[PDB]
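Each of two forms of one protein chain follows alone as structure tokens, named structure 1 and structure 2.
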Structure 1
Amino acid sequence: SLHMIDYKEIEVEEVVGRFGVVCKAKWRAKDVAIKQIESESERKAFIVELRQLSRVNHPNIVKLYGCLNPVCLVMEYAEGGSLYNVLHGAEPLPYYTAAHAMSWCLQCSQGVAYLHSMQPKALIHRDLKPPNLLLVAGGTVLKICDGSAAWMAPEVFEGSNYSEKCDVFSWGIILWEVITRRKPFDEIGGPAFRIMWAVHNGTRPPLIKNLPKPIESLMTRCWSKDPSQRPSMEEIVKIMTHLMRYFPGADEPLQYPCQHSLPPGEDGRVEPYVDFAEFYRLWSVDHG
């Protein structure tokens, strides 16, 4: 169910970054992101990617508009950049709230669950990380697309036959990342294998001061060593959906500046970046 575009319609603008190269473009009075081919050697790689980018259609997944000469791909241009850039990119960094953090994660679990539910075979993302999570609509709508050791389940680089529960591990790490606005395992550093060794040994990001026990529970379950003890994405979506009742305001665009500074990890427990005062407030009104 694809679409063809005269490569003469594509108004190739400038490059944006990088498999292949990605260039901002225009096409039918809209902004568009195109993914050129780098050499003949990548002909086959582009193929498998387009077999699944047609099957897939979901709000929280990058839309493929539709062309092939030279091998190209026509996708929607997320003006907001990567979530990684929002969290840790070049200053000025935008200010965001606890509701933004939860909405981003909710929207991500929604997109992954659609892939896990794909027929006939469940499509596994295998590389869930903020660099691959793009933002649109003032940074309020997250969308998925295609040094990952920080977000990698310990059974993946273990070579074991893995499943879709490795994305659940990634999601868990991402939830800790938007709440703390910290790069996971930035203290370890070194080459990737030094993080792989740490996570494989059981190391996890530190716990968050004054984190709601429901959120702490879900986060830790998602990054259990035993994949079968991690919840399904369907379960994550459900839980995140019902928690949003206590996180209003995910619709407000990111527009306010932020001079963000990072306290060191004093005593194995880190301070969150977002504020949960409004959550404990709304929660007590329903309970007590």
Structure 2
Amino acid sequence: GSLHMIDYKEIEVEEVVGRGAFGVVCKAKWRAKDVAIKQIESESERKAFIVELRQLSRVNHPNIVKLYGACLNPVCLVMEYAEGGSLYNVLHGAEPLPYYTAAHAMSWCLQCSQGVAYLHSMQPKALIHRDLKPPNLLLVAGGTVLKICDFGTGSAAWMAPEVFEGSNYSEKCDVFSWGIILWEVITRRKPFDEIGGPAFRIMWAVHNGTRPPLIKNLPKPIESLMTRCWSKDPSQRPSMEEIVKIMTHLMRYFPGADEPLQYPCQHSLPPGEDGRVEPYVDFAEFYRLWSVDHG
């Protein structure tokens, strides 16, 4: 797919905004436009840089971050910038944390599934993301629109066990990750936070069948989707197209996802811990609206 070759001298490197999975990203100007630039830090990131460049130049989707072009001297990517923050910072970041609703949580997950289903529908082979997690997901438009980032592939908590068992694996690994993320936005908890120590400890746990705890009062239609997504056996996980369909159906019972995040929350996570956790979000309205349709 098309890319602007860009001359490094016609862009103005502003403020660093954060590190990606690899590289470093800065706000900047290019033809007086808001733009993010990503540059490699060390030489070990040049491979990731080429993968990302090749992969991102092929994709165009409203839930995937736009690539405008590149600069081959020095090596840098030029992307869309918008006001917002990572899903990680929205969920777990610095005070003050925003209030959000069940509708936001479900919409964020629908939007990620839409971008990933596009990736998995690529011809001749699926583009597998391989690193879906909230630090690689950006919220824009007042926290209502989700964009997938970091296509260059601390990620053990979201990794399907077949990937870190070094088996062969498919696009179903992304479905496992999406499932963990669904759990995370609903509970507002870090998956496997309690399992201390280095990463091999998470790997061991998940490899042996450990999953995040069940959620109190979670509707069965959502629970069923979530738990299928994190099936040990990848063939029992739904495809992303099926996820998109199911989440689209469910959204008719979650009005208000277009509301901006505007209110602060004092989020004290209540220790549930008897093998079940409370949702951060509230499902009473879902149940009310569902009963209106289904007796």
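All residue numbers here follow the sequence of structure 1, with the first residue given the number 1. C-alpha atoms forming the largest set that superposes within 1.5 Å between two forms make up the rigid core.
Peer 1: Have a look at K225, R43, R221, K238 and give me the residue whose C-alpha moves 2 Å or more between the two structures, with the fit done on the rigid core.
Peer 2: Result of the superposition: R43 is the only one at 2 Å or more.
Peer 1: Core superposed first: is there a CA shift of 2 Å or greater at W27 between the two structures?
Peer 2: Shift at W27: 2 Å or more after core fit.
Peer 1: May I ask for the C-alpha shift of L175 between the two structures, in Å, based on superposition of the rigid core?
Peer 2: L175 C-alpha displacement between the two structures, core-aligned: 0.2 Å.
Peer 1: If I align on the rigid core, how far apart are the two C-alpha positions of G80 between the two structures? Answer in Å.
Peer 2: Displacement of the alpha carbon, after core fit: 1.2 Å.
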